[PDB]
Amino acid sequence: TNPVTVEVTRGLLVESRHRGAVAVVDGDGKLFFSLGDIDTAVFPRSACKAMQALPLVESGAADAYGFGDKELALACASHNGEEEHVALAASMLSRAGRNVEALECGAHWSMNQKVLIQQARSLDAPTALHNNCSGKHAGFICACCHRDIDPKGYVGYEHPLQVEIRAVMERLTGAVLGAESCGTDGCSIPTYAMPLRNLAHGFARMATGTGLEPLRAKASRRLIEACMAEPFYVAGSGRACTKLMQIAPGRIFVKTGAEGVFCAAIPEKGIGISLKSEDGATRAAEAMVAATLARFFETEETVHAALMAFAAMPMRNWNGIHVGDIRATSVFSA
């Protein structure tokens, strides 16, 4: 069973509790730190978008369509569907001769409340461009068009692009990705459950190049640097991913996934991080990733304090009164 990783307090009592697992692995596969079950297969969901963006870069598509750090960050992004994000996704599809009609991810309203209010006020309905995965899907469509592969059905298990993605993520993680570990993701593409140990190892390899072909090392490093250089484009206004990567500019990589996943890397320390809140709560995964990062910056007061501000947070009610805290437990400092 997984330890209690996060507590939610009200008055003088714990009101709710989150259990979870955490794997921290270096480029060589060495375990630096672990909580709970890092050996049972868990769906990474959107947390592994940077891995799925390798076809876009490695194929030459990114360079052929003139993509910079903003486009690669958006390809790696679970974004808010702000105008900047929608404009860039449309720009990406346009350079490959496509538009919104080529996306197969569907439409949804922003999962940032303030952006949803803006969307609702200016649209009858969101489009597939507003989908948090529209950057990744435009990356997929660009990767296909550059290689004269028909993008139609790019979301399906048997499409050449999804065949390629299974191979790429097996090479990074050492985990086998197949039908028995496969589910359908939010955006209708395959998501493959794998141990947290493997997922963390894979990010440690993307961060360091350890055990990768040089082109894959270079593409991997380029995607990780793009996310850290353009953190707004990975998520957006009011988002943990964006704010966490603004604490130590260029030094911390993070990516949220649906159902309480986080992947992260500290390239200068050669470490990859993956974690799962067992109940699937985003708030627990946010506290956990900040507290896990904090272990590696205990000699930098300002960075440690900033990270602990996410590990342990005041909650305010509708009048803005402090009612309690979300707080990572003492297992992250043991």
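When you see a residue number, it is the position in the sequence shown, counting from 1. Rigid core (definition): largest C-alpha set, two forms, superposition within 1.5 Å.
Each structure in 4 other deposited structures of this protein is fitted to the shown form on the rigid core, and of 116-124 and 252-260 the C-alphas lie farther away on average for 116-124. Per-stretch averaging of Cα B factors for 147-155 and 252-260 places 147-155 on top. Two stretches are in play, 192-200 and 209-217, and the higher mean C-alpha B-factor belongs to 209-217. Which of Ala281, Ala64, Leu275, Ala290 has the largest Cα B-factor in the deposited entry comes down to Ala64. Ranked within its chain, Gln52 lands in the middle third, by CA B factor from the PDB record. Per the PDB record, residue ranking by Cα B-factor puts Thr302 in the highest third of the chain. Among the modelled residues of its chain, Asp39 has a C-alpha B-factor that falls in the middle third according to the deposited record. Among all modelled residues in its chain, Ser134 ranks in the middle third by Cα B-factor. Annotation for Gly60: CA B-factor lies in the highest third of the chain's modelled residues.
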